[PDB]
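Observations on the model geometry
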Amino acid sequence: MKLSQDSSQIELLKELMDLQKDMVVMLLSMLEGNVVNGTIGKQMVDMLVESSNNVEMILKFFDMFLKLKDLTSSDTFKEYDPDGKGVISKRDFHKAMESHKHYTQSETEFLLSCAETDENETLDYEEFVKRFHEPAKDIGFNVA
C-alpha cells in the first residue's frame, strides 16, 4: 500500500511481491496430502482469521490492479481516448473510471495517486497497465 503510490520503489515492490509469491508457494506445499477437514487446513484458516485485515487489504490491492486491465481495454476508455496514441488526460481518466464505475471513489483516488503525473497531463496508460497488472496477474494466481 505504501510503496505503490511512490514511483521510485517499483523494483522494491516487485521484490516484495516475489517474496509474497514464495510464501504462498510454501503454504501450498504445507497443503500437500491434506484430507477434507484436515488439521493443517484448520490451522491455516485460523491463521487467515488472525490476519483477516491484512488479507482483506491485499485482496483489495489485487482486485483494483486486476480490474485496471478491463478498465483500460473497455470501449468507454477508448472513447475518452478516441485516438490510438495511448495517452489520456487526468480528467478524462477520472471520468472514464466513473463511466466504468466498477471503481469506488477511494479506489479512484488511490489509482490516481499511484499513477505517475505528467506535465502534459496525459499519462501512458499502457505503461500504467504493463507496470501494475502483469505483476498482479502473476502473484495473485497463487493466492487464488
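Residues numbered from 1 in each chain as written, not as in the entry; some residues may be left out. Part of a larger assembly, values for the part shown. Heavy atoms only, no water.

Going by the header, the method for this PDB entry is cryo-EM, and the resolution given is 3.59 Å.

This next bit is on the overall build of the chain. Secondary structure assignment for the chain yields eight helices and two strands. Counted from the first residue to the last, the chain has its helices and strands arranged as α-α-α-α-α-β-α-α-β-α. Here the C-alpha coordinates of the chain stretch approximately 55 × 30 × 25 Å along the principal axes. Expressed as a percentage of its 144 residues, the buried residues of the chain come to 33%. Put simply, 63% of the contacts in the chain that link residues at least 6 apart link residues at least 24 apart. Put simply, the chain shows about 9,100 Å² of open surface, and 59% of that area lies on carbon and sulfur atoms. (Helix = DSSP H or I, 4+ residues; strand = E, 2+ residues; numbered from the N terminus. Buried < 20%, exposed > 50% of the residue type's maximum accessible area, 1.4 Å probe, protein only. Contact = heavy atoms within 4.5 Å. Areas by Shrake-Rupley, 256 points an atom, 1.4 Å probe, with all protein chains shown as cover.)

For the pair helix 6 (residues 90-100) and helix 7 (residues 105-114), the least separation of the axes is 11 Å and the interaxial angle reads 150°. Judged by the angle between their axes, helix 6 and helix 7 are roughly antiparallel. Pair helix 6 / helix 7 crosses with right-handed handedness. Together, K90, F93, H94, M97 and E98 of helix 6 and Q105, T108, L111 and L112 of helix 7 make up the contact between the two elements. Of the residues belonging to the contact of helix 6 with helix 7, the class tally is four nonpolar, three polar and two charged. (Axes fitted to C-alpha atoms, helices over the stretch in contact; angles between N-to-C directions. Parallel < 35°, antiparallel > 145°, perpendicular 65-115°, else oblique. Left-handed = near helix turned anticlockwise from the far one by under 90°. Nonpolar A, V, L, I, M, F, W, Y, C, P; charged D, E, K, R; others polar.)

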